[PDB]
Every structure is written in C-alpha cells, then in structure tokens.
Trainee: 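Quick one: structure below, then a few questions.
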Amino acid sequence: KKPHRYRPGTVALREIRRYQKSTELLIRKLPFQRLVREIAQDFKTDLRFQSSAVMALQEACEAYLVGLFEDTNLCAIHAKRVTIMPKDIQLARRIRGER
Amino acid sequence: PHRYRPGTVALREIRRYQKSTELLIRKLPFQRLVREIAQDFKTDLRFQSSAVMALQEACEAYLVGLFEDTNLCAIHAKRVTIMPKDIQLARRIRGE
Amino acid sequence: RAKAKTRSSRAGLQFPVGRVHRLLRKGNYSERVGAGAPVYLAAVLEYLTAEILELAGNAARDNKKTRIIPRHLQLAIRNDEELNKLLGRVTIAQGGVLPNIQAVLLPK
Amino acid sequence: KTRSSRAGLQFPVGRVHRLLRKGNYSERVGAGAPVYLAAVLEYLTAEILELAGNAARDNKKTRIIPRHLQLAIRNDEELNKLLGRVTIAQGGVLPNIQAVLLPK
Amino acid sequence: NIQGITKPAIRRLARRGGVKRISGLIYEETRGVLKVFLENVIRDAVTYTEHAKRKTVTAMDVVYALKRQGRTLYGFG
Amino acid sequence: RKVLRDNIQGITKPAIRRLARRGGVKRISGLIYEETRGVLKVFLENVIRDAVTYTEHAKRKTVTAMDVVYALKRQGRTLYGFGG
Amino acid sequence: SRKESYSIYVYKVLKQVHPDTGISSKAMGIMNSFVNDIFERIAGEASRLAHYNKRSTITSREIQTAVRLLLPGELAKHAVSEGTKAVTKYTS
Amino acid sequence: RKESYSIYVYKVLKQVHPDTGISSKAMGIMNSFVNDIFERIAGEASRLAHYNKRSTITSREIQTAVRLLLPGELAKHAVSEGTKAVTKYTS
DNA sequence: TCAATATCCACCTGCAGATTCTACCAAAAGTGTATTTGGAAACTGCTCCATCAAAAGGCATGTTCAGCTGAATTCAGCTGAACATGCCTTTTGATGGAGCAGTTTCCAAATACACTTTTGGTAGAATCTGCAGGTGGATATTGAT
DNA sequence: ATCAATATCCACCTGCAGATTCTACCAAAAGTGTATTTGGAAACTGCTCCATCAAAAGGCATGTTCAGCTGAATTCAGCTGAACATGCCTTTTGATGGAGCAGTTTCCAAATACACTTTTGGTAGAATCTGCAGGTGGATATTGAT
Ligand SMILES: [Cl-]
Ligand SMILES: [Cl-]
Ligand SMILES: [Cl-]
Ligand SMILES: [Cl-]
Ligand SMILES: [Mn+2]
Ligand SMILES: [Mn+2]
Ligand SMILES: [Mn+2]
Ligand SMILES: [Mn+2]
Ligand SMILES: [Mn+2]
Ligand SMILES: [Mn+2]
Ligand SMILES: [Mn+2]
Ligand SMILES: [Mn+2]
Ligand SMILES: [Mn+2]
Ligand SMILES: [Mn+2]
C-alpha cells in the first residue's frame with residue numbers, strides 16, 4: 001500500500017480556494033508589528049502606535065500585495081507560464097506606474 | 001531593385017517619431033470624431049480651436065503611453081509584435 | 001415659538017440635513033452655502049448608503065447569516081459594476097477578494 | 001517696498017497671498033505662508049528652467065521650447081516623479097528603443 | 001468617424017511608443033480604446049460647459065475633465 | 001528599550017505563499033520571496049513616512065489610525081474602516 | 001468627550017432595506033468611512049465648480065453637477081432623482 | 001484682467017540662464033506647472049489645518065505639505081529655500 | 001470502481017459583542033436683522049460655424065516574400081507535497097505611567113478699513129531669431145562574395 | 001567578414017515671416033498706517049490606552065527528501081505583416097460673412113449669514129438580548145491510482 005500523495009498543484013489549488021474564501025489577516029500579527037515599529041523608529045525615535053494604526057497598516061499592506069499578486073499572475077500567464085517570477089512582479093509595477 | 005529588410009524601415013520610423021513632437025493624427029479627421037462624440041451628448045455645441053487641440057494632445061499622449069506599456073507586454077511574452085491581448089493586459093493592469 | 005420641525009423631516013430624509021449643512025460650512029468649500037445644497041447632498045448620501053446596504057444584506061442572506069460583516073460589503077461592491085468603479089481604489093478592511101481562478105490554472 | 005523684495009524672491013508674494021485667501025483653503029492666512037509658498041514655487045521653477053536650458057544647449061538652441069521641458073523633466077529622477085501623471089503638450093517622448101528590437 | 005483615424009496614423013503613434021511590429025488586429029482595437037477615452041473625457045468637459053451655461057466647450061473645460069481623470073495636461077491655461 | 005533589526009525576515013515564506021494564493025497564484029518561483037520583501041518594505045516605508053509626518057505636524061508622539069488613513073488616502077489607496 | 005458619526009443614520013437605512021438584518025461594528029466603521037469619503041468627493045467637486053465660475057455660493061445645482069461628475073451611470077441618474085425630490089419637498 | 005506667472009518665470013530664467021529665451025508655448029507650460037504645484041501644496045496645507053482643527057494656514061503647514069508632496073532632495077531644498085525666504089522677510 | 005483525504009454543511013450553546021433604553025446636553029431650529037448676490041434687462045464686440053475652392057501630400061491598394069509566431073519535442077532541475085521537530089506566536093492578564101485630551105488665560109498675530117502708490121496686463125509698433133528648403137555630402141544598409 | 005552600390009539622414013546655410021521685445025498707458029492690485037479682535041500656544045492635569053512582561057498551549061515555521069512536471073532551449077514551417085510602387089482623394093490652407101455667444105453693468109427682490117433663545121435629536125453609558133464562534137460529526141466530493 002503505497003503512501004498517499006497529491007499531484008503537484010492540487011494542494012496549491014485547494015489553498016487558492018480556501019484563502020480566497022476567507023478574510024483573516026495572512027501575516028502573523030507580532031512580526032508585522034515589529035516590522036512597523038522598526039521602520040517608524042528609523043524616522044522618529046520613541047514613537048508610539050495606537051493598536052488600530054498598526055492594524056490599519058496591516059490591512060493596507062495585505063490588500064496591496066494581494067492586488068499586486070493578481071497582476072503578477074496575469075503577467076506570468078501572459079508569458080505562457082504558471083510560475084510567477086521577479087520579472088512578472090517588475091512588469092506589473094512598471095505598468096502600474098510604481099517604477 | 002533595392003529593398004530594405006523587414007524591420008529596418010520600422011526602426012527608422014521609431015527613431016524619427018521619437019525625436020519629434022508634431023501631432024501624428026491628422027487634424028480634420030480628429031475634429032470630426034470629436035464633434036460626433038460631442039453631438040451624442042448635446043447637439044449644436046461649439047469648440048474653441050484650442051479645446052480640440054487639447055483633446056488631441058491628451059489622446060495622443062494617452063495612446064503613445066499605452067503603446068509603450070503594450071510593447072513591454074509583448075516583449076514579456078518573448079515577441080516583438082504587439083497584439084490585442086497585449087493592449088488588454090496593459091489596460092487591465094492600469095486599472096482601465 | 002413655532003414647533004420645531006427638523007429639516008430632514010421636511011426633506012423626507014433619514015440622514016441629518018442640519019449636520020450636513022454645518023459640515024459644508026466648516027469645511028471651507030465656499031464662503032456661502034445655499035439652503036438646497038445640504039438637502040440634495042444628504043439625499044445622495046442616503047441613496048448610496050441604501051444601495052450598498054441593500055446589496056450587502058442580500059449577500060449576508062446568501063451565506064446564511066443575519067448580521068452584515070465587511071465580507072458582505074466587499075462581495076456587494078465588487079459584484080456590482082457601478083459600485084465597483086465608484087470604489088475602484090478603495091480597500092474594504094477585512095473584505096477579502098472575490099473567488100476567481102484563471103482558467104488555465106485548472107487541471108485538464 | 002514689495003514683500004517679494006523683502007524676501008529676496010522674484011515670484012510675487014502678494015499675489016500668492018491673495019490666491020490663498022481667495023481659494024477657500026482656510027479662514028485665515030498667516031504672513032509667512034505666502035512667502036514660504038512663493039519661495040518653493042520659485043525654487044522649483046529655477047530647477048526646471050536650469051535643466052531645460054542645459055537640454056536646449058545640448059541641442060544647440062537658444063529658445064527653450066516644450067521639447068526641452070519634456071527632456072528636462074523625464075531625464076531627472078525626482079522631477080519625473082513629481083510630474084509623474086502630467087502631460088506636456090508638444091513634448092514628445094524620450095528616445096528609447098528596447099534592446100531586443102535592435103538587429104545583431 | 002472613427003475609421004478616419006488611419007492605419008498609418010496608428011502606426012505613427014505606435015512608433016513614438018517604440019513599437020517595431022504591429023499585428024493586423026491592433027488598428028480596430030486601438031480605435032475602440034481611443035473611442036472610450038474620448039467619450040469619457042468629452043462627457044466630463046461638456047458637463048463643465050453646461051454648468052457654466054455656455055454653449056462653447058473651452059480649453060479650460062477640457063483641462064478640468066482631464067485632471068479629474070488623473071491626467072493633468074499642461075499648456076492650456 | 002530594545003534594538004529592532006531585520007524584522008523584514010518575519011514576513012515568512014509561508015505567509016508570502018498565503019498572500020499569493022489569495023491572489024490566485026498557483027506556482028511560485030523561489031526568488032519571489034525576497035522580491036516580495038523588497039517591494040513590501042518600499043510600500044511600508046512610503047506609508048509610514050507620511051503617517052509620521054502627520055504625527056509630527058500635530059506635535060504628537062503616537063501614530064494614530066487616522067494618520068495612517070490620511071497617509072494611505074494621499075497615496076491613492078483609500079482604506080475604509082479605521083475612522084473615528 | 002463627544003464624538004459624532006453617521007452610525008444612527010446608516011442603521012435607520014438598514015432597518016429600512018432589510019428590517020430583520022443587523023450589522024457588526026467593523027462593517028459600521030466601513031459605512032461611516034464610505035459616507036465621509038463620498039461627502040468629501042462631492043463637496044470638493046462642488047467647491048471647485050463654484051470656484052471655476054467665480055461664485056461664492058455652493059447651491060444644490062453645484063451638488064448636482066458634482067454628482068453627475070463623480071457617480072457612474074445609473075447610480076448618478078437615481079441619485080439626481082432622489083436629490084431633486086428632497087429639495088422640492090423641502091421647499092414646500 | 002487675465003493673470004499669469006510669465007513675468008516671474010522670465011525673471012527666474014534670466015537669473016539661471018542669462019542668454020536663453022523661452023517660447024510662448026514653453027511659457028504656457030511653465031504657467032500650468034506653477035498653478036499645478038500651487039494647488040497641490042495649498043490643498044494639502046488646507047487638509048492639514050482641517051485635520052488639526054486649525055483655521056490658519058501658516059508657514060508650518062506649507063512646510064509639512066512640501067515634505068509630503070515633494071520627493072527627497074527636492075523636499076529638502078524646497079524646505080531650505082522657504083525657511084530662507086521667511087527668515088529674510090521677517091526683517 | 002476503490003482507498004485516502006479533504007471539504008461541506010447542518011447541529012449545539014454561552015458569551016462577546018450588538019441592540020435597546022435612558023437621561024443629559026450640545027447643537028439644530030426658530031427668530032429677527034444685516035449683508036451679499038443672482039438674474040432680468042440691455043448692450044457690444046468677437047469668436048466660431050457654415051461654405052467654397054485649389055491643390056498638396058498622404059493614404060489605399062495589391063504583390064512578394066522575409067522572417068516571426070506558434071507548435072512540437074526533449075530534458076534537467078526546481079519547486080510542491082509530506083513529515084518531524086520544536087520555537088515562538090497567540091491569548092489572556094496585570095501593571096506602571098506616557099502623553100492624549102480637556103481647560104484656562106492671554107498676547108502675538110491676524111483681520112478690517114481707509115487711503116495711496118506701483119505694477120502687471122494689454123495692444124500696437126519696431127526689431128530679432130528659428131524655419132523653409134536647399135545643398136552636400138555622409139552614414140547606414142544591402143546583396144554579393 | 002570585406003565591398004561597392006543605393007537610399008535616407010543630417011549638419012550646415014541664409015533671409016525673412018512671424019514671434020519675441022520696446023512703448024506707453026492705466027485699472028486693479030499691492031502696500032501702508034491705524035485700529036481692533038482673536039486663534040492657538042503655553043501650562044497645567046486627569047486618565048485612557050500604550051508598552052512590556054509572563055505563562056502556557058499548540059499552531060505554524062523550519063528544515064529535509066525527492067519526483068512530477070515545468071521552464072528553457074531548440075527546430076521547423078506556414079502564414080502574417082513589412083516594404084514598395086502606384087495613383088487617387090482626403091486634408092490643409094485660406095477666405096468669407098455674420099449669427100449668436102460671452103462677457104459686462106445696473107439694480108432690487110430674494111437669498112444667506114449669524115447672534116441669541118428654546119428645544120430636542122444624538123450621544124455615552126448602562127442594561128438587556130442574542131447570533132455566531134468554535135467545536136463535533138457524518139455526507140459528499142474529489143483525487144490518484146497501479
Ligand atoms: Cl525573474
Ligand atoms: Cl490577440
Ligand atoms: Cl441651494
Ligand atoms: Cl505664517
Ligand atoms: Mn532601527
Ligand atoms: Mn449646555
Ligand atoms: Mn511694468
Ligand atoms: Mn528642417
Ligand atoms: Mn477697524
Ligand atoms: Mn479665544
Ligand atoms: Mn512547458
Ligand atoms: Mn519560408
Ligand atoms: Mn428626545
Ligand atoms: Mn463555525
């Protein structure tokens with residue numbers, strides 16, 4: 001009885017469905033909070049954050065990366081691939097006007 | 001008899017029109033297109049000549065920019081020929 | 001003194017005409033504010049709120065729930081053409097995205 | 001003495017103040033605000049005219065024309081960002097041909 | 001009136017955009033895109049013109065219509 | 001206090017994978033994780049720099065949600081849900 | 001420490017369109033954000049409209065033109081309808 | 001009657017390039033540019049004063065607005081020249 | 001068809017979060033008067049539109065074929081799937097105490113307003129420099145070795 | 001890779017048409033001086049939230065192995081789009097009136113501002129109410145097979 005194994009991509013497609021059906025934040029909270037405070041302290045030392053300010057930043061960042069990954073995915077599919085690569089991200093940001 | 005190879009005249013034209021600034025659509029066909037589209041909103045309207053020219057500048061800048069983005073989309077697919085699917089990708093990503 | 005009748009009542013509105021007028025005055029938009037401007041504006045804000053709450057309520061029913069959450073607002077907005085353009089550059093916190101998988105990613 | 005004279009500026013401080021007052025931006029306008037604003041506008045104008053003159057020189061010409069303004073703005077990192085969504089009538093584009101389109 | 005935007009003019013626009021080879025279906029597509037653009041711009045410009053109870057769309061009306069679409073145009077104040 | 005360093009690495013490979021899945025991505029090149037970290041850091045710096053500018057203007061030491069909302073709005077990315 | 005919001009009005013409209021349906025506070029914050037955003041968009045367009053025409057007053061007709069500029073299609077059509085109805089009822 | 005910045009842009013041109021001229025179309029572009037940056041800055045400063053429940057736009061609002069609207073080195077030099085002008089004006 | 005695995009979809013109940021109620025009070029409404037403004041009437045130039053024509057030069061068409069796009073085919077190595085291990089995020093909770101907000105007072109800085117001086121805008125006349133098109137190579141390209 | 005032949009490009013030129021400056025006048029804008037008011041900064045202070053820390057449970061990151069399947073490279077042809085010659089017709093250029101708009105100006109009726117007073121809808125918090133968070137379990141669906 002050979003051990004069970006899903007074919008490459010079947011689990012990826014399940015994950016796409018599960019995560020497109022949900023709305024929870026997808027980055028861990030505390031690491032994101034430390035990233036925010038690190039970047040802020042390199043602008044003005046000894047700043048403080050309302051918790052809702054950090055949560056607003058996390059919502060903003062996650063929406064932005066999900067939108068950019070949609071655009072990246074269309075760029076990869078355009079090149080008749082299924083694997084997104086840095087040149088797809090770079091194309092998406094050049095066309096969006098972000099670089 | 002003398003004949004240039006496909007693409008040599010294309011690159012000559014790219015250089016010539018990227019060095020220049022004249023409008024590239026002829027004025028009267030554009031004025032007629034503008035007036036038709038306007039007539040579909042309120043007939044018997046009038047245009048300052050400079051208003052028609054501002055429209056023409058806006059349209060040409062828009063299409064030239066869109067063609068830069070399209071050309072990059074084509075090259076991304078390892079082509080050198082722009083196709084409608086390139087235009088569509090550029091506008092989908094631009095949010096249009 | 002005359003019995004006080006709210007401006008929203010005489011306009012037939014749920015949104016507060018008086019507060020909208022105060023906000024226009026203190027928002028430094030023009031030196032003067034016509035009497036009709038806050039009424040029209042409150043009417044429009046109420047109409048759009050009604051549109052969105054209508055569609056979001058239907059979405060909450062479809063998923064077998066009775067309280068509207070951000071996800072229902074997001075589903076309502078992105079599935080409606082005109083709201084989706086109006087709110088084209090807007091992020092709905094906790095809204096997620098619409099299920100959509102490019103066809104070429106599916107197996108044969 | 002004009003306020004522009006007292007600030008060491010060429011741009012018109014009094015006009016910037018009238019425009020701030022007449023624009024419904026705030027009910028009051030401090031005295032330093034139009035001075036600061038005129039200084040900033042002059043500085044940016046100087047930056048762009050500097051670059052446009054250099055570009056018009058590179059092309060052996062004496063009158064700055066829109067083309068030199070487009071060249072000046074698009075070849076500079078920070079101005080090109082400031083004017084990112086701006087169309088300069090009669091400006092054309094920067095000469096740029098993707099490497100993969102050339103022969104050899 | 002759209003067909004009056006010639007194939008050669010579209011090629012010229014494509015060349016300023018740096019395009020070397022043009023598929024035969026680009027031209028109709030380009031016209032469609034141009035048409036949407038023009039309608040949107042003109043729809044707003046005329047609105048400004050009607051608000052001012054004018055019958056002549058001015059250069060400033062077109063500049064306002066462009067600006068509100070996030071496309072600032074210089075040269076027509 | 002305590003020295004905060006390298007927190008960009010706390011955006012794990014699995015978290016980036018989850019975000020890409022929500023974006024409909026089925027297969028991810030191995031170089032994508034670092035690129036995503038670079039792009040996220042640029043985005044975050046731009047938003048946080050403007051939020052802090054608002055915070056300094058109000059002579060505060062606490063970044064509020066409204067500072068972040070204003071910073072977002074002025075960058076063309078309106079966020080609903082964090083007013084008041 | 002008083003803090004105003006549109007919450008009560010959004011809720012009255014909710015009881016109008018879906019009588020037995022409720023709303024979570026995060027969704028209420030989203031609706032408040034929406035009301036403030038559309039208010040600013042319309043007020044800003046009307047302010048500019050009056051400024052372009054050298055007028056000092058924002059009237060319902062500036063609000064109307066602003067509505068036509070910012071809203072898409074059928075949404076603008078029905079909003080103009082409800083705004084006209086409210087102004088006409090208010091005047092009488 | 002009909003205002004523009006042409007005389008001032010001309011003065012600044014003769015400052016940085018004494019021998020160079022400018023066409024009326026290029027001058028129109030400069031006018032549109034001055035009006036555009038003016039509106040951006042004044043509008044940000046207006047929003048700033050409202051956010052902080054203040055009724056006066058002061059040089060400190062113009063400065064913050066410049067820091068928000070200009071990129072990097074441009075913001076630094078603009079804040080610099082604005083501070084310079086204001087201090088020179090106060091005497 | 002089968003075994004393994006995952007998703008789907010009702011059922012259950014307590015409590016965290018939402019809804020309702022209550023009472024205070026801040027702000028809207030009413031009122032009265034002062035101040036600003038919009039439009040009906042009457043003008044006056046001045047832009048645009050309608051129309052016509054000559055003729056210039058740009059476009060439409062049809063043929064040939066160069067070479068590009070897409071299909072077919074092959075292979076190696078990367079990325080996805082599965083698993084163990086154990087770190088560190090999440091959760092819940094408490095504690096100081098920073099620093100927001102809330103108040104009060106009072107000037108530095110703003111508005112108001114009368115009056116005066118300067119200047120930017122404007123339109124014509126009087127001067128200067130890019131442009132028409134020419135010339136003259138000169139630069140690049142092409143087929144042929 | 002050179003080579004001569006062919007076709008388009010590009011400095012260089014010069015006069016002059018038209019665009020950019022001299023000329024001169026003047027409303028409106030900017031400045032000035034004086035008088036009067038006021039928004040907000042300073043200095044307090046209460047009291048929210050914010051920072052930090054802890055334990056402990058268990059979810060999820062990490063690190064590894066390894067095979068399926070994907071991206072990358074390569075070959076080939078059929079078909080599409082470039083170049084070109086040709087000649088016709090659309091556009092450009094210019095003119096012509098003159099209808100009909102913009103843009104102004106004046107003047108009152110109508111509209112809006114704004115202070116004070118009265119009233120009441122809106123908020124904060126307390127007190128009820130109640131979906132749904134999670135947790136559990138079978139039905140169904142899908143998957144990949146050897
Ligand atoms: Cl890459
Ligand atoms: Cl296609
Ligand atoms: Cl009104
Ligand atoms: Cl000031
Ligand atoms: Mn640091
Ligand atoms: Mn009270
Ligand atoms: Mn002068
Ligand atoms: Mn020439
Ligand atoms: Mn006085
Ligand atoms: Mn005070
Ligand atoms: Mn493949
Ligand atoms: Mn062949
Ligand atoms: Mn009551
Ligand atoms: Mn559940």
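Chain A is the first sequence line, chain B the second, and so forth, proteins listed ahead of strands; every chain is numbered from 1. These numbers come from the heavy atoms of this one structure, side chains and all, not from hydrogens, waters or symmetry mates.
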Trainee: Please measure how far the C1' atom in I:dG93 lies from the corresponding atom in J:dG137, and state the result in whole Å.
Mentor: 35 Å
Trainee: Between G:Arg2 and I:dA27, is there a side-chain N or O to OP1/OP2 distance below 4.0 Å?
Mentor: yes
Trainee: OP1, OP2 of I:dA60 versus side-chain N and O of E:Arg11: anything below 4.0 Å?
Mentor: no
Trainee: With the side chain of C:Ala4 defined as its heavy atoms from C-beta on, choose the nearest nucleotide among J:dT120, I:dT69, J:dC132.
Mentor: J:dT120
Trainee: Taking the side chain of H:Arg1 as its heavy atoms from C-beta onward, which of I:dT90, J:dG40, I:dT122 lies nearest to it?
Mentor: I:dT122
Trainee: With no hydrogens and no angle check, just 3.5 Å: does a side-chain donor-acceptor pair link D:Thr2 and D:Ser5?
Mentor: no
Trainee: Can you check whether A:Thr83 has a side-chain N or O nearer than 4.0 Å to OP1 or OP2 of I:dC78?
Mentor: no
Trainee: Would you tell me if any nitrogen or oxygen in the side chain of G:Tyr11 comes within less than 4.0 Å of OP1 or OP2 on I:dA18?
Mentor: no
Trainee: Looking only at the side chain of D:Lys1 (C-beta and beyond, no hydrogens), which of the listed nucleotides J:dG122, J:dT32, J:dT62 gets closest?
Mentor: J:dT32
Trainee: Between the base of I:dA82 and the side chain of A:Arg5, is there a donor and acceptor pair under 3.5 angstrom?
Mentor: no
Trainee: Work out how far the P atom of J:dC60 is from that of J:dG135, and round it to whole angstrom.
Mentor: 12 Å
Trainee: Out of I:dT90, J:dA113, J:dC101, which has the shortest distance to the side chain of A:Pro31?
Mentor: I:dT90
Trainee: Out of E:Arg11, E:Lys20, E:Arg15, which one pairs with B:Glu13 under the side chain to side chain donor-acceptor pair (under 3.5 Å) rule?
Mentor: E:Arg15
Trainee: Return no unless some side-chain N or O of D:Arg28 is found under 4.0 Å from OP1 or OP2 of J:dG39.
Mentor: no
Trainee: So, is B:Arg5 close to the I:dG143 phosphate, meaning a side-chain N or O under 4.0 Å from OP1 or OP2?
Mentor: yes
Trainee: Can you tell which of J:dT123, I:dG80, J:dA61 lies closest to the side chain of C:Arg19?
Mentor: J:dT123
Trainee: Rounding to an integer number of Å, can you tell me how far A:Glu15 CD sits from I:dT7 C1'?
Mentor: 14 Å
Trainee: For the backbone of H:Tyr8 and the side chain of D:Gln10, can you confirm whether one donor and one acceptor N or O come within less than 3.5 Å of each other?
Mentor: no
Trainee: Expressed in angstrom and rounded to an integer, what is the separation of B:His76 atom NE2 from J:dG71 atom P?
Mentor: 12 Å
Trainee: Closer to the 5' end of DNA chain I via nearest nucleotide, is it D:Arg63 or C:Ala2?
Mentor: C:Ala2
Trainee: Please confirm whether the shortest side-chain N or O distance from D:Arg6 to OP1 or OP2 of J:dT32 is below 4.0 Å.
Mentor: yes
Trainee: What's the NZ-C1' distance between H:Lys2 and J:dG103, to the nearest Å?
Mentor: 11 Å
Trainee: Give the rounded distance in Å between these two atoms: NE2 of C:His72 and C1' of J:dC132.
Mentor: 12 Å
Trainee: Please tell me which of B:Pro6 and H:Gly21 maps to the more 5' nucleotide of DNA chain J, matching each residue to the nucleotide holding its nearest heavy atom.
Mentor: H:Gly21
Trainee: Starting at NZ of D:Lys22 and ending at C1' of J:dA28, how long is that distance when rounded to a whole Å?
Mentor: 15 Å
Trainee: Let's see if you get this right: which residues in residues 44-53 of chain B place a heavy atom under 4.0 Å from DNA chain I?
Mentor: B:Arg46, B:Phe47, B:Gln48
Trainee: State whether a side-chain donor-acceptor pair under 3.5 Å links C:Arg7 with C:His21.
Mentor: yes
Trainee: Quick one: on DNA chain I, does B:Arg15 or D:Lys61 contact a more 5' nucleotide (nearest heavy atom)?
Mentor: D:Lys61
Trainee: Would you say a side-chain N or O of A:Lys2 is under 4.0 Å from OP1 or OP2 of J:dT146?
Mentor: yes
Trainee: Tell me which nucleotide among I:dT69, J:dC84, J:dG39 gets nearest to the side chain of H:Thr56.
Mentor: J:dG39
Trainee: Take atom CG of A:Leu13 and atom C1' of J:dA141, then tell me their distance rounded to the nearest Å.
Mentor: 16 Å
Trainee: Closest nucleotide of DNA chain J for E:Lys20 versus for F:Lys26: which of these residues is on the 5' side?
Mentor: F:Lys26
Trainee: Can you check whether A:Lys1 has a side-chain N or O nearer than 4.0 Å to OP1 or OP2 of J:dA145?
Mentor: no
Trainee: Between A:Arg28 and J:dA61, does any side-chain N or O lie under 4.0 Å from OP1 or OP2?
Mentor: yes
Trainee: Between I:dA140 and I:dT61, how far apart are the P atoms? Round to whole Å, please.
Mentor: 37 Å
Trainee: Between J:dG31 atom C1' and D:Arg3 atom CZ, what is the distance in whole Å?
Mentor: 8 Å
Trainee: OH of E:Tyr27 versus P of I:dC59: gap in Å, rounded?
Mentor: 12 Å
Trainee: Answer with yes or no whether the side chains of A:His78 and A:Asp88 bring together a donor and an acceptor at under 3.5 Å.
Mentor: no
Trainee: Kindly say if H:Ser24 contacts the phosphate of J:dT20, meaning a side-chain N or O under 4.0 Å from OP1 or OP2.
Mentor: yes
Trainee: Just by distance, no angles: are the side chains of A:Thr83 and F:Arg27 close enough, under 3.5 Å, to form a donor-acceptor pair?
Mentor: yes
Trainee: Quick one: does C:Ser8's side chain have a donor or acceptor within less than 3.5 Å of a partner on C:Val17's backbone?
Mentor: yes
Trainee: Determine the interatomic distance between P on I:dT103 and the same-named atom on J:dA127; round to the nearest Å.
Mentor: 25 Å
Trainee: Determine whether a donor-acceptor pair (N or O, by modelled atom type, separation under 3.5 Å) exists between the side chain of A:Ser22 and the backbone of A:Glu24.
Mentor: no
Trainee: Does E:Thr56 have a side-chain nitrogen or oxygen under 4.0 Å from the phosphate oxygens OP1 or OP2 of J:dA102?
Mentor: yes
Trainee: Applying a 4.0 Å non-hydrogen cut-off, can you work out what B:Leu28 is touching in the nucleic acid: base, sugar-phosphate, or nothing?
Mentor: base
Trainee: Is it the case that H:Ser6 and H:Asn31 place a side-chain donor and acceptor less than 3.5 Å from each other?
Mentor: yes
Trainee: Closest to the E:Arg54 side chain: J:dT146, J:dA102, I:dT90?
Mentor: J:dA102
Trainee: Using a strict threshold of under 4.0 Å (side-chain N to carboxylate O), is an ion pair present between H:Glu3 and D:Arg18?
Mentor: yes
Trainee: Are OP1 or OP2 of I:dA81 and a side-chain N or O of A:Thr10 less than 4.0 angstrom apart?
Mentor: no
Trainee: Select one nucleotide: of I:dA29, I:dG30, J:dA7, the one nearest the side-chain heavy atoms of B:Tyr4.
Mentor: J:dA7
Trainee: Any side-chain to backbone donor/acceptor pair from F:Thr62 onto F:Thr64? Under 3.5 Å, distance only.
Mentor: no
Trainee: I:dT142 and I:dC68: how far apart are their P atoms, nearest whole angstrom?
Mentor: 13 Å
Trainee: Just to be sure I understand: a Watson-Crick pair is purine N1 to pyrimidine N3 plus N6-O4 or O6-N4, both under 3.5 Å. Using that and G-U wobbles, which stems of three or more pairs involve DNA chain I?
Mentor: I:1-46 with J:100-145, I:48-131 with J:15-98, I:136-145 with J:1-10
Trainee: Can any side-chain N or O of A:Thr45 pair as donor or acceptor with the backbone N or O of A:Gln41 at less than 3.5 Å?
Mentor: no
Trainee: Could you work out, with ring-ring contact (aromatic ring centres under 6.0 Å, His included) as the rule, every residue matching A:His4, not counting sequence neighbours?
Mentor: A:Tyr6
Trainee: If you check every side-chain atom of C:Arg1, which of I:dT31, I:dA81, I:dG39 has the closest atom?
Mentor: I:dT31
Trainee: Can you see if the side chain of A:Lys29 gets near the phosphate of I:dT90 - specifically, an N or O under 4.0 Å from OP1 or OP2?
Mentor: no
Trainee: Name the closest nucleotide to the F:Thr12 side chain, picking from J:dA61, I:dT69, I:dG130.
Mentor: J:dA61
Trainee: Could you tell me whether A:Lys44 and F:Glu56 make a salt bridge, using a distance below 4.0 angstrom between a side-chain N and a carboxylate O?
Mentor: no
